[PDB]
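Please read the structure below before turning to the comments.
Okay, structure coming up:
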């Protein structure tokens, strides 16, 4: 799995950010979350 | 010798798994180490 | 790190750009062999790659 | 006498087949044995530290069960490696303070790990200041970029 | 023999140093590693990332420290927290002999 | 054979990835790509006190 994760499409790792949020002052603001799809508890 | 016997038995039952580990780990280490070669960092493809 | 396209990625010697798989599919496929940065072995890009 | 005949034949066959193998193996094991002995002190501490960090690095990527937890802050990056000077080397030897070992475990009380520069041709030792990138602007049409590549920023 | 009790637990990480084998099948769903991005723009992160190593290393570190934030939850101030190299009592190294 | 050949360089490179002052690992994001690229400045990854020689 880690062999086919990154380094096959080029000179880079493959990251898939399902949920990105901003932390700033100290509240953490949530921008994007994915409920269902490739990122579901399993 | 007896504890070496049980260790070697659990190893011999999983000798195919050791061979698979070596096979599938020797064919991607260069490809994985390629990404973190350009500089003091590692490239990432943030799809989102 | 800050700075976009300061080192560019070498797609020479890796999977074809049309062979990239959609993220909607979680099925794992066998990993191909013999893929690394196949640049002419000079320049600042990927100095510490496999070819060296 | 009959048992001696049989045992001598069998043992002689086994020894003739597996004697030179053992001799050359024990001859070739001298450098590996010396290397393992030389870097023995960094064995127990390495395994202890990896055992300690395994639950943390497991809960980091297994805590959500569907993702990985990371703290993302933007920073500046150093100059890419030059061709001749920064070539890979496999001449790494020794350990911290000149001899092999481990640092004491890194809690939050002593957080910055001392950077260990090894004979590899690549380092980030002289990044002690904020300086503009030597290849500040680069063009990928005719391969001409602003600034001069260097190993001493 | 000293490290024999911890070796079975270290094998979870000592081969793949940044990856833990237990949760790989669910973190990485094929060709893309999953990740959750926490883009922190707190003055501690800004001070450590950018203004480190210069003469304004304390320009806004004390600005956050004087506010309601606590040093425990902040990333350590690299100019004051001791490191195993120059810590008092000499270098802090453990050697197995 | 390939593991023994290619692991020391991976180890050295990942060691050089880590920034002692900022902590963690630095990963920069990435027709094939844009013709122009920029690298504004490099931050102080280490300090003179934090350097120990192997």
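Residue numbers (the deposited numbering), protein chains in the order written: chain B, 295 to 319, 327 to 343; chain C, 263 to 310; chain F, 312 to 363; chain A, 257 to 409; chain E, 294 to 390; chain D, 300 to 329, 375 to 398. By construction, the Cβ of each residue, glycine as well, lies at the ideal position given by its N, Cα and C atoms.
Member of the options whose CA lies at the smallest distance from the CA of residue i
{"i": "residue 326 (chain D)", "options": "A:326, A:289, A:303 and A:295", "result": "A:326"}
{"i": "residue 388 (chain A)", "options": "A:378, A:286 and A:404", "result": "A:404"}
{"i": "residue 346 (chain E)", "options": "D:398, D:393 and D:397", "result": "D:393"}
{"i": "residue 359 (chain F)", "options": "A:274, A:372, A:385 and A:344", "result": "A:344"}
{"i": "residue 377 (chain E)", "options": "E:368, E:370 and E:387", "result": "E:387"}
{"i": "residue 360 (chain A)", "options": "A:406, A:346, A:298 and A:330", "result": "A:298"}
{"i": "residue 390 (chain D)", "options": "A:323, A:309 and A:334", "result": "A:334"}
{"i": "residue 308 (chain C)", "options": "E:349, E:328, E:343 and E:332", "result": "E:328"}
{"i": "residue 374 (chain E)", "options": "A:293, A:289 and A:366", "result": "A:366"}
{"i": "residue 364 (chain E)", "options": "E:383, E:299 and E:336", "result": "E:336"}
{"i": "residue 290 (chain C)", "options": "F:345, F:334 and F:326", "result": "F:345"}
{"i": "residue 334 (chain E)", "options": "B:318, B:301, B:307 and B:308", "result": "B:318"}
{"i": "residue 398 (chain D)", "options": "D:311, D:386, D:321 and D:303", "result": "D:311"}
{"i": "residue 399 (chain A)", "options": "F:324, F:335 and F:353", "result": "F:353"}
{"i": "residue 299 (chain E)", "options": "A:285, A:263 and A:305", "result": "A:305"}
{"i": "residue 324 (chain A)", "options": "E:308, E:296 and E:319", "result": "E:319"}
{"i": "residue 364 (chain A)", "options": "E:381, E:389, E:390 and E:366", "result": "E:366"}
{"i": "residue 336 (chain F)", "options": "B:338, B:342, B:343 and B:302", "result": "B:338"}
Beta-carbon proximity list for residue i, same chain, < 8 Å, skipping 5 on both sides
{"i": "residue 300 (chain A)", "result": "none"}
{"i": "residue 372 (chain A)", "result": "351 and 352"}
{"i": "residue 302 (chain A)", "result": "358"}
{"i": "residue 314 (chain B)", "result": "332 and 333"}
{"i": "residue 274 (chain C)", "result": "none"}
{"i": "residue 353 (chain E)", "result": "336, 339, 340 and 344"}
Environment of residue i [buried if 16+ CB atoms lie within 10 Å]
{"i": "residue 332 (chain B)", "result": "exposed"}
{"i": "residue 340 (chain E)", "result": "buried"}
{"i": "residue 383 (chain A)", "result": "buried"}
{"i": "residue 331 (chain A)", "result": "buried"}
{"i": "residue 372 (chain F)", "result": "Missing from the structure shown is residue 372 (chain F); chain F here goes from 312 to 363 and no further."}
{"i": "residue 312 (chain A)", "result": "exposed"}
{"i": "residue 285 (chain C)", "result": "exposed"}
{"i": "residue 326 (chain E)", "result": "buried"}
{"i": "residue 395 (chain A)", "result": "exposed"}
{"i": "residue 305 (chain B)", "result": "buried"}
{"i": "residue 336 (chain B)", "result": "exposed"}
Extent of the continuous beta strand (DSSP E) to which residue i belongs
{"i": "residue 381 (chain D)", "result": "380-382"}
{"i": "residue 314 (chain B)", "result": "307-317"}
{"i": "residue 315 (chain E)", "result": "Neither: residue 315 (chain E) is in no beta strand (DSSP E) and is coded neither H nor E."}
{"i": "residue 327 (chain A)", "result": "325-328"}
{"i": "residue 326 (chain E)", "result": "326-333"}
{"i": "residue 332 (chain B)", "result": "329-333"}
{"i": "residue 372 (chain A)", "result": "371-373"}
Element boundaries [alpha helix (DSSP H), containing residue i]
{"i": "residue 294 (chain C)", "result": "291-297"}
{"i": "residue 287 (chain C)", "result": "277-288"}
{"i": "residue 271 (chain A)", "result": "258-294"}
{"i": "residue 395 (chain D)", "result": "No alpha helix (DSSP H) contains residue 395 (chain D), which is instead part of the beta strand (DSSP E) from 395-397."}
{"i": "residue 394 (chain A)", "result": "Premise fails: residue 394 (chain A) lies in the beta strand (DSSP E), 393-395, not in any alpha helix (DSSP H)."}
{"i": "residue 303 (chain B)", "result": "From DSSP, residue 303 (chain B) is part of no alpha helix (DSSP H); its letter is neither H nor E."}
{"i": "residue 308 (chain C)", "result": "Careful: residue 308 (chain C) lies outside any alpha helix (DSSP H), inside the beta strand (DSSP E) at 306-308."}
{"i": "residue 312 (chain A)", "result": "300-318"}
{"i": "residue 337 (chain B)", "result": "Premise fails: residue 337 (chain B) is in no alpha helix (DSSP H) and is neither H nor E."}
{"i": "residue 340 (chain E)", "result": "336-342"}
{"i": "residue 315 (chain D)", "result": "301-316"}
{"i": "residue 358 (chain E)", "result": "354-358"}
{"i": "residue 328 (chain D)", "result": "Taken as a continuous stretch (DSSP letters only), residue 328 (chain D) belongs to no alpha helix (DSSP H), as it is neither H nor E."}
{"i": "residue 302 (chain E)", "result": "297-303"}
Check whether residue i and residue j have beta carbons under 8 Å apart
{"i": "residue 315 (chain D)", "j": "residue 378 (chain A)", "result": "yes"}
{"i": "residue 369 (chain A)", "j": "residue 319 (chain D)", "result": "yes"}
{"i": "residue 298 (chain B)", "j": "residue 340 (chain F)", "result": "yes"}
{"i": "residue 326 (chain F)", "j": "residue 376 (chain D)", "result": "no"}
{"i": "residue 355 (chain F)", "j": "residue 397 (chain A)", "result": "no"}
{"i": "residue 329 (chain D)", "j": "residue 298 (chain C)", "result": "no"}
{"i": "residue 330 (chain E)", "j": "residue 289 (chain A)", "result": "no"}
{"i": "residue 295 (chain C)", "j": "residue 361 (chain F)", "result": "yes"}
{"i": "residue 314 (chain F)", "j": "residue 383 (chain D)", "result": "yes"}
{"i": "residue 348 (chain F)", "j": "residue 312 (chain F)", "result": "no"}
{"i": "residue 314 (chain A)", "j": "residue 315 (chain E)", "result": "yes"}
{"i": "residue 296 (chain B)", "j": "residue 317 (chain E)", "result": "yes"}
{"i": "residue 316 (chain F)", "j": "residue 309 (chain D)", "result": "no"}
Beta-carbon proximity list for residue i, same chain, < 7 Å, skipping 5 on both sides
{"i": "residue 392 (chain A)", "result": "402 and 403"}
{"i": "residue 306 (chain E)", "result": "313"}
{"i": "residue 324 (chain D)", "result": "316 and 317"}
Sequence-distant residues of the same chain with beta carbon closer than 6 Å to residue i, five excluded per side
{"i": "residue 278 (chain A)", "result": "none"}
{"i": "residue 376 (chain A)", "result": "345 and 348"}
{"i": "residue 381 (chain A)", "result": "373"}
{"i": "residue 320 (chain F)", "result": "none"}
{"i": "residue 307 (chain B)", "result": "300"}
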